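Only one chain comes next, encoded as structure tokens, the form solved without its partner chain.
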């Protein structure tokens, strides 16, 4: 039961608490994502780690990053998850802007993710472009669930400590939609401790500029300050913006290919 025999690390992917690799299961040759947390250098995060594992282990959805299991060796905890070779939506943004077709196609898939979670009575809690991973063939999945830092995507009712529900995810989706349109969320320059009070105090963000009215109205519905006035995920799946602008999956692989051309051409 030795994960250094079971698995081979192929290349580093990034750095939550720990470091993550693209890996391979030597028994099946399945490409996996492997996270390694040193449990001797993260005492106060430990309660959150088993919380996140519990939740992902209860998900069995094609729109949620799969969890395959966990291994311990010494003080190292190995967490094995499905591997998504397209990168995050935030990664795809580094090589240029998305158009409304691509944005709508992607929000449609995130919305299916959220509709799954909310119908199983779970809340993602940290919807943002960096937490939306794509397979290389363009599937769109959710990762990096929130704990029950950076407040830019937080709904005002979660900031005020007011016990919240799944409508918090709809607000965050609204902010994610602005992030996919402008590259970054509202108030990106403010210090986060200032943003923690500007979000409940201010009127909701709107999308300003040369965008269709339907797109603008999609975001205005998500960003109602009163949560009971935000639409559910299933309602948003029939919103005019999604219905009129969402396209086949190859609209996303074109973004994946663009990002790959970008990296291979030496840009960073």
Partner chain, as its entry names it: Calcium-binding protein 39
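Residue numbers count along the first chain shown, from 1.
Below, we turn to the form deposited with its partner chain bound, even though it does not appear here.
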Inset, instruction - Find the only residue in 214, 50, 206, 26 having a heavy atom within 4.5 Å of its partner chain in the entry with it bound. - result: 50
Legend entry - Candidate from 39, 221, 243, 31 lying within 4.5 Å of its partner chain in the entry with it bound - any heavy atom: 39
Inset, instruction - Answer with yes or no whether residue 226 is in contact with its partner chain in the entry with it bound, where contact means some heavy atom within 4.5 Å. - result: no
Legend entry - Non-hydrogen atom contact residue 191 with its partner chain in the entry with it bound at 4.5 angstroms: no
Legend entry - Close approach of residue 149 to its partner chain in the entry with it bound, 4.5 Å, heavy atom: no
Inset, instruction - Consider residue 202 of the chain shown here, and say whether it contacts its partner chain in the entry with it bound, taking contact as heavy atoms within 4.5 Å. - result: no
Legend entry - Candidate stretches 155-163, 183-191, 72-80, 124-132 - the one whose heavy atoms come within 4.5 Å of its partner chain in the entry with it bound: 72-80
Inset, instruction - Decide yes or no: are 67, 116 and 120 jointly within 4.5 Å of its partner chain in the entry with it bound, with each residue judged by its heavy atoms? - result: yes
Inset, instruction - Scan 44-61 and note down the residues that get a heavy atom within 4.5 Å of its partner chain in the entry with it bound; none is a fine answer too. - result: 45, 46, 47, 50, 53, 57, 58, 60
